[PDB]
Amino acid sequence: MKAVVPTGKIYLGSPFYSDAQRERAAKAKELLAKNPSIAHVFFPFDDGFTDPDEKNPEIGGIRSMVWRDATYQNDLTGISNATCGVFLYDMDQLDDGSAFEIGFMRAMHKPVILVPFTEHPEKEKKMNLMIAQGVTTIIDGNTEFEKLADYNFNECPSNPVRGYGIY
């Protein structure tokens, strides 16, 4: 029933390797900001750990084990504190980090909101069984991105993936 205070703690998982992916993340935060059921949102790429012993760090480059552990754990920490996951899932370039986080969250029995995006709304609709069955709620990013602003994250109502070929 109606909550006394916002309780949703969103773990916003998302690729961040292209302008389009980056714009979706931006857009997602905005909508989430308009949702009255949200108490907090964590985006893994917002802050960052800095390793002093790490001289001249580069992206996609070799990183120190210390930076790697700290950054990975901040993400797991985000998942731990989150009550649910929201994944801006690029269906054109499958992100394994996101897929990994979806499985982790489900192993913890946490609800997972999948928001698929494709630049080819007209190509075949197929999805991996693990993703298709692991997620508890699907919200198409192409045509319903906006309900993130209204979805009741206090209870995360289920909505099984349907309409996708399974492989």
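Throughout, rigid core stands for the largest set of C-alpha atoms superposing within 1.5 Å between the two forms. Start at 1 and count along the sequence shown; that's the residue number.
Legend entry - Of 97-105 and 117-125, which departs more from this form in 4 other deposited structures of this protein by CA RMS after core fitting: With the rigid core fitted, 117-125 is the stretch that strays more in 4 other deposited structures of this protein.
Legend entry - RMS Cα shift after core superposition in 4 other deposited structures of this protein, winner of 145-153 and 17-25: The answer is 17-25, which departs more from the shown form in 4 other deposited structures of this protein.
Inset, instruction - Give yes or no for this: do at least a third of the other compared entries, each modelling residues before and after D47, lack coordinates for it? - result: In at least a third of the comparable entries (those modelling both sides of it), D47 has no coordinates.
Legend entry - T136 not built in a third or more of the other entries: Negative; every one of those entries includes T136.
Legend entry - Which of 15-23 and 153-161 has higher mean CA B factor, as the PDB entry lists it: Here the higher of the two C-alpha B-factor means belongs to 15-23.
Legend entry - Stretch with the higher entry mean CA B-factor, where the candidates are 50-58 and 134-142: Between 50-58 and 134-142, it is 50-58.
Inset, instruction - State the tercile, meaning the lowest, middle or highest third, of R106 with respect to the CA B-factors recorded for its chain. - result: Ranked within chain, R106 CA B lands in the lowest tercile.
Inset, instruction - Determine, from the deposited record, the chain-internal third of the Cα B-factor for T118: lowest, middle or highest. - result: Middle third by C-alpha B-factor.
Inset, instruction - Relative to the other modelled residues of the same chain, rank the CA B-factor of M65 and answer lowest, middle or highest third. - result: Middle third.
Legend entry - Record-listed C-alpha B factor of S37: chain third: CA B-factor rank for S37: highest third.
Inset, instruction - Using the B-factor values recorded in the entry, state whether the Cα atom of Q93 falls in the lowest, middle or highest third among the modelled residues of its chain. - result: Answer is highest: the recorded C-alpha B-factor places it there.
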